[PDB]
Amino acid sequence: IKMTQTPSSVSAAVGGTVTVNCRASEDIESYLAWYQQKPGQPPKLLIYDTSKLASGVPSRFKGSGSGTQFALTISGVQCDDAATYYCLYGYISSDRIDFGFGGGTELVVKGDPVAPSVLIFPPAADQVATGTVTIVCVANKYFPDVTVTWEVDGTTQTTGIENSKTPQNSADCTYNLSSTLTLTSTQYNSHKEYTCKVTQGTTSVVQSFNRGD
């Protein structure tokens, strides 16, 4: 058995409607369930038996389909609905086992646009002695996505950058982002100006510090 969910990522404005699809490689009648998972939490049952709502789930969630094609329709989407959705089918017996999750569909909930405030943090004084130094830059409460660029004395950096993005805010649909630049102690004393540029379309914000001060 194979559960194919297409597409892997969907988006809709707050209040709008989205449909997540799940296709089955065989005929599975009606024994399909839907699940919601937010980062760091176990999955939560939304629907089972194709369309039966679970205890406590709003009617804005709607099961559908039969046989080979099923769908989950979310009407009146809110920022709290931003998450990943999985279909699931399972059959067991003494000779044949057919179990499978779908690959999952991520929902990005489009909310009100917000430009990011940016912060740079020079390394604490006790980092340099360790041979390695880490510079953190943060982009706070924004939507839609941003891109981050690192400049050390006007030279764009391309190695040693890790970026990490929070899930969408439950009430606000906004993101937060950290961007970390790691260098060797020698590399860091070798240069002076360290700058972090966050770009959200046509707008951009830049923060900087200079090692000496």
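Numbers for residues come from their place in the sequence shown, where the first is 1.
The PDB entry reports B-factors from which the mean C-alpha value can be compared for 33-41 and 58-66; the larger average falls on 58-66.
Per-stretch averaging of Cα B factors for 93-101 and 121-129 places 93-101 on top. For the set 195, 200, 19, 25, the PDB entry assigns the largest Cα B-factor to 19.
For the set 84, 134, 73, 140, the PDB entry assigns the largest Cα B-factor to 73. In the PDB entry, residue 157 places in the highest third of its chain by CA B-factor. Among all modelled residues in its chain, residue 170 ranks in the highest third by Cα B-factor.
In this PDB entry, residue 180 carries a Cα temperature factor that places it within the lowest third of its chain's modelled residues. Among the modelled residues of its chain, residue 187 has a C-alpha B-factor that falls in the middle third according to the deposited record.
In this PDB entry, residue 115 carries a Cα temperature factor that places it within the middle third of its chain's modelled residues.
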